[PDB]
Amino acid sequence: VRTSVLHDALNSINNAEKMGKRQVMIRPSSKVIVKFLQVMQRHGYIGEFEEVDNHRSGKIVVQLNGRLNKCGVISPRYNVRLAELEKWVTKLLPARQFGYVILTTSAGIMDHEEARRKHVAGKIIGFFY
Amino acid sequence: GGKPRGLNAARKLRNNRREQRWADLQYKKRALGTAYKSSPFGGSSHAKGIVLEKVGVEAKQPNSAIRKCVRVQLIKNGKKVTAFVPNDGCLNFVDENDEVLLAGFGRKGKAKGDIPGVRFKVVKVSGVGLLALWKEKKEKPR
Amino acid sequence: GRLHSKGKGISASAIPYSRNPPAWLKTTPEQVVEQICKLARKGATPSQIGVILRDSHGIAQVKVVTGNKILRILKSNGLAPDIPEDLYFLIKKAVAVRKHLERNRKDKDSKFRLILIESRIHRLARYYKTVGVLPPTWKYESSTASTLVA
RNA sequence: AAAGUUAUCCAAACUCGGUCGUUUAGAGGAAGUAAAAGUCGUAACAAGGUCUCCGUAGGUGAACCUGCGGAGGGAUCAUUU
RNA sequence: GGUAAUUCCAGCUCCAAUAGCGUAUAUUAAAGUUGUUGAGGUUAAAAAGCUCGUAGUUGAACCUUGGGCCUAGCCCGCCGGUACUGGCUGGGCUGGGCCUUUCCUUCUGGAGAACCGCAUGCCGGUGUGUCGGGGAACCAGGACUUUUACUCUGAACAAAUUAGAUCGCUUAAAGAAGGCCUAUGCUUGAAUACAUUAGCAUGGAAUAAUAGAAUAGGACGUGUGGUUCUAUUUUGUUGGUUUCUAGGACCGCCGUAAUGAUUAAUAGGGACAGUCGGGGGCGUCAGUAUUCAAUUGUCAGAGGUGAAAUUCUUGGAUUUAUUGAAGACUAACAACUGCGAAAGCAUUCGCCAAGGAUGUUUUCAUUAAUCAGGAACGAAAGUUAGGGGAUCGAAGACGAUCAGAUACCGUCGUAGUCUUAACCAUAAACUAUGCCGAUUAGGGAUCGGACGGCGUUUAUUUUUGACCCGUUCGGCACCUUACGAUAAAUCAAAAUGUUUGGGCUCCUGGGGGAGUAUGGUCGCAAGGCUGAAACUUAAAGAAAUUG
RNA sequence: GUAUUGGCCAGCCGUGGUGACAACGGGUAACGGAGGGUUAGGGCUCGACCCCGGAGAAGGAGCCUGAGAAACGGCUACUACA
RNA sequence: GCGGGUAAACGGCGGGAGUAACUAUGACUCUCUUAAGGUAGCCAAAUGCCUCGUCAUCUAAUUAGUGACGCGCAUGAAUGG
RNA sequence: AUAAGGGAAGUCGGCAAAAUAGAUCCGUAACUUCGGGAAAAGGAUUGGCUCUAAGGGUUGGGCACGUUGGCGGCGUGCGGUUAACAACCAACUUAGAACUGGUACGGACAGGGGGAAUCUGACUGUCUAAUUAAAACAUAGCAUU
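Chains as they are written, first to last, in the authors' numbering: chain SW, 2 to 130; chain SX, 3 to 144; chain SN, 2 to 151.
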């Protein structure tokens, strides 16, 4: 049965980019995905996203702007120290000058390069470049 | 593919590794400690023994020769094995009752080359060392 | 896709996007309760009462007009059954097959089939006890299961 | 106040039995591996000249045969009112 | 290496390291050949025969966001001047204050600033003073707050060792020394960070769990009775007593309030309606065929093989017709068609219980997925007692072929092949492909249900049945193609994997020895389940290409 | 009773305690730790041995003196050596 | 009398030559003979003359006892193993 | 009937004799037709006197506000369940403790020796009265006419 709606949504997006379409549907809505979309949106990796509504889980629809590569997710919620972040950015990122790992902290769901500025840490959820 | 991946599932990963570790051949020989119990050498590198007789061993198919082996009985345990003289015309340097010293062939248990089934070789005789006699840098004690 | 089978089905029922009673019904909630109670007194069960109330006259969905569910209404009027409907109906199947087995001793498939019913019954009963609907000593002895039915 | 002596306690050590663990002696029996030139047939690889293989059961100097039920990893992806 | 040796034994020459080089054993990297990061499981080693289910692992969505003002600290861009200095209402990042239904608990005590009025004084202001009134920053003291996981910052925790700063032991490994002038002298260092799990404090409140009002046994009141207990200091002193008073426990009446229950998941269960199927059990009906028997009619070889031969015959073989008995089995219709968890399941009717899909503005509300041990079923052959024993047919006897033939070919024939009551639990039990969930390409056929439509067909007809066109849900399959995969054969999954993490269980680690020995356990036995080592070997193996 | 607490011991009375989150038992060519060897990261392996802690003086037991010993370059007895 | 059937009916279940890379033996072959030529098992056994057979164990010493070996004068399958 | 020291050296052969023996409490192997072997093997206690504890039966409660009857029996109506009392009656069986003795105590009688194996018959049973009780006979099971 469905066990990670965040992974399901990200998987649908990746298919479209490698096949070249411009639109994807997402069946389950949640705060975590919707905030996750915003982190990319503030960097331009995605376009405008529309949220429909019904008294249910709720669908989402965004149209893909291209210029997007692999965006994955780490299913077992690990625990990250503030010192053991260079290990993760070395682990899964094409290069140092760009790309983003996304964490969850008590200060909200956010990413690195600002967690370093805010001196915060938490758990890992995904990445996108 | 097919591993357990949950967060509170370290026990299963530990259990599978310890169990599946036994199918490995190199590791399993260490854990059970067969070499100490079974090998003619009790985990050591060299040993000393006394010579019983001189024997000739036939090579395998493609080659053809007489390999000039020797019969030895170890002092530690008293077991009897066969040892390959490793040079040219040394069977005139070893006589009966000469208390030789033995080493291995460096294949860690198996036989090397064509010789059918001998795992040791003579390094010393009367405490002089073979190569010394060959290059006539010394003489045997009288 | 399905608990005790090898097939999947999606023959569900879609609930409309309208939390307001249709204007043409023009029926008050106060009168609604009595007929529901009427059928319960004659001997019906909450599941089947709804289909007559829906089919025969008016209300398609009780919740919008009333604000509460049929079981919630009945419980506040002290007509709720002791044992929940789902648990009750399963037992009715288990008893009948038992009677069949004692005459037909060579019906191997039903013996396999019988295993399924109580396994479902046992699994469902565990949930009821931990939430507080059933007393923590109810056990469903296979011998006296007939007494529980009636 | 010494030798001695009465009754408990802590107990080395010895005898006999029971159980567990380690090493090892043996008339005789049944095997496997290597070194092949031997001796008797030709089971398998082609429709290997009886298509091959699996489970079970009996038989036969030896590879092997036959009965029952399967499989194609076959020598057939195929035959019409 | 088998008579001109690139490889042996020697001379010359050359190569590598160098005061050192070789050999044996153990251990690490090489090893993504132990794989959490990160490894195979269609054919190369490997998915349990199938299903149920406990430990254990994992589990759908949903409850305070946004906007409007003020301010600080830091970086970059710009101008200009002398590394230094100022400016942009510059652009940002971090933080702190108020308002929007949100502000942020409370009591006692301490000292005291800013804002205020007085006058001795000076140039709209201030020290003045034991002048006095507010609410707020700090400190001390007391009471109250869902609980764990997580992360930040603190405290405490040997020396040696690790990383690392300084000093020319003549350099270095080391050492903690040293440095300056001329000096009866001066001066320095012997630093710093980490360990990381458990325990003690502090800030954070996303993420993952957990409790709260439903037969109200719910919250508040300086509203108001009551019944129980504890008892400060004040009435000279003590003892006993009482009123008032201060506090605590229990329980009524009245008042206050928007009086307390999330959606109904292309999660799951159950109910309801019309259908659907060679799903299962018990009884029952029918069908030819085979063998035997009875009646009936004739006249010579008949059966069998590549070809012979056994065997049977005027006590009439073989063939013909009618009738009867026995046991097994339901041809043709029958198919890239159905049902079941698999093994498997095909004649009629009656009875008994069960199931999927479909339809649905019914119902409960997270009740779910996979499972170590554990359990039910489990072809054929085989075992123990009866019944039955037509046909085929292990063992076996005869006839042929053959050099032999314990076989392949022929005539018989025992156990068995059937059934009742109990055992056994293995198969190439094969899709050689575990189960649940999401996404991804075009097509036409086909089975079941539902929906829409112009027509046809024949019906005490009309609705309906049946044929045609189309849409949709759920299955057994197929054709073209690769954007993808693999070593390839090929694959709509064997794809979405060096750009590697949806969830859970099982199995394998070069080939033999070996599914053997020993131990345990189940079985009347045959056997099943679990399951090694010594020793030996440089290849065994998969897919495809040319002969 | 000991310097003191305690099923440490003596009497009377209850029936309990641990376990698949692996108890109990068996093997270790096992003293523990600070640490050594080899490296992208994650690890694998060794640690009798100069520092800290524990135990022993052939094997077992028993004791005097003293603040401190079940001491062995202290004593008593048995075992095995001599 | 001639011809078939019958052994859980009475009973029976043999000799002789060649041979495998020291030797030795003989899986295999050729030969005489009748109805067939002792299969699975067991043994100096209450059944073996030669015999106090040969090997191991028990005792200081064992013609006795037990476990093996088997061309067994003359073991052996309802005369049941 | 008894005998020091030795304990089968006697003899064809442990023939005859000796040793163990009751009851209570512990402990008990190989093998197996799972019923047995099993009293396996092997250990400890046992008197007298003075005490303690446990194991039962019968009869009343049982009340009140009236009733018929010679303080009492019935025919009433109700209540109430003594954290169960009081009186009387009667034998034996089991368990615990102290003291005591020339360490003895089933004090006479009564009263199993045991273990490791081989041959042979499955077992209970029967026969040569007056020399042979066995491996002989019979038996259930199996098979044939």
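We treat Cβ as the ideally placed atom computed from N, Cα and C, and that holds for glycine.
DSSP-derived helix/strand/coil call for residue i
{"i": "residue 125/SX", "result": "strand"}
{"i": "residue 62/SX", "result": "coil"}
{"i": "residue 64/SN", "result": "helix"}
{"i": "residue 97/SX", "result": "coil"}
{"i": "residue 125/SN", "result": "helix"}
{"i": "residue 117/SX", "result": "coil"}
{"i": "residue 15/SX", "result": "helix"}
{"i": "residue 56/SX", "result": "strand"}
{"i": "residue 112/SW", "result": "strand"}
{"i": "residue 4/SN", "result": "coil"}
{"i": "residue 86/SW", "result": "coil"}
{"i": "residue 9/SW", "result": "helix"}
{"i": "residue 130/SN", "result": "helix"}
{"i": "residue 15/SW", "result": "helix"}
{"i": "residue 25/SN", "result": "helix"}
{"i": "residue 138/SX", "result": "coil"}
{"i": "residue 48/SN", "result": "helix"}
Beta-bridge pairing of residue i - partner residues as DSSP gives them
{"i": "residue 104/SX", "result": "49/SX, 124/SX"}
{"i": "residue 86/SX", "result": "71/SX, 123/SX"}
{"i": "residue 128/SW", "result": "73/SW, 102/SW"}
{"i": "residue 61/SW", "result": "27/SW, 52/SW"}
{"i": "residue 132/SX", "result": "Paired residues: none, contrary to the question."}
{"i": "residue 76/SX", "result": "51/SX"}
Check whether residue i and residue j have beta carbons under 8 Å apart
{"i": "residue 152/SN", "j": "residue 42/SN", "result": "Residue coverage of chain SN in this structure runs from 2 to 151, which leaves residue 152/SN outside it and unanswerable."}
{"i": "residue 104/SW", "j": "residue 81/SW", "result": "yes"}
{"i": "residue 126/SN", "j": "residue 135/SN", "result": "yes"}
{"i": "residue 88/SN", "j": "residue 47/SN", "result": "no"}
{"i": "residue 53/SX", "j": "residue 98/SX", "result": "yes"}
{"i": "residue 31/SW", "j": "residue 6/SW", "result": "yes"}
{"i": "residue 128/SX", "j": "residue 100/SX", "result": "yes"}
{"i": "residue 42/SX", "j": "residue 76/SX", "result": "yes"}
{"i": "residue 117/SN", "j": "residue 111/SN", "result": "no"}
{"i": "residue 50/SN", "j": "residue 84/SN", "result": "no"}
{"i": "residue 150/SN", "j": "residue 96/SN", "result": "yes"}
{"i": "residue 46/SW", "j": "residue 95/SW", "result": "no"}
{"i": "residue 140/SX", "j": "residue 130/SX", "result": "yes"}
{"i": "residue 132/SX", "j": "residue 92/SX", "result": "yes"}
Any 3 or more C-beta pairs closer than 8 Å across the stretch 19-33 of chain SW and the stretch 47-61 of chain SW: yes
How about the stretch 75-83 of chain SW and the stretch 119-127 of chain SW: do they share at least three Cβ pairs that are nearer than 8 Å? yes
Any chance you could list the alpha helix (DSSP H) runs of at least 4 consecutive residues sitting entirely within the stretch 68-120 of chain SN, in chain order? 71-77, 86-104
What are the start and end residues of each continuous alpha helix (DSSP H) run of 4 or more residues lying completely inside the stretch 20-57 of chain SW, in chain order? 32-42
contact_flag[the stretch 77-95 of chain SX, the stretch 119-130 of chain SX] where n(CB pairs < 8 Å) is 3 or more: yes
Are the stretch 60-72 of chain SN and the stretch 17-36 of chain SN touching by the rule of at least three beta carbon pairs closer than 8 Å? yes
Are at least three pairs of beta-carbons, each pair with one atom in the stretch 40-47 of chain SW and one in the stretch 96-115 of chain SW, less than 8 Å apart? yes
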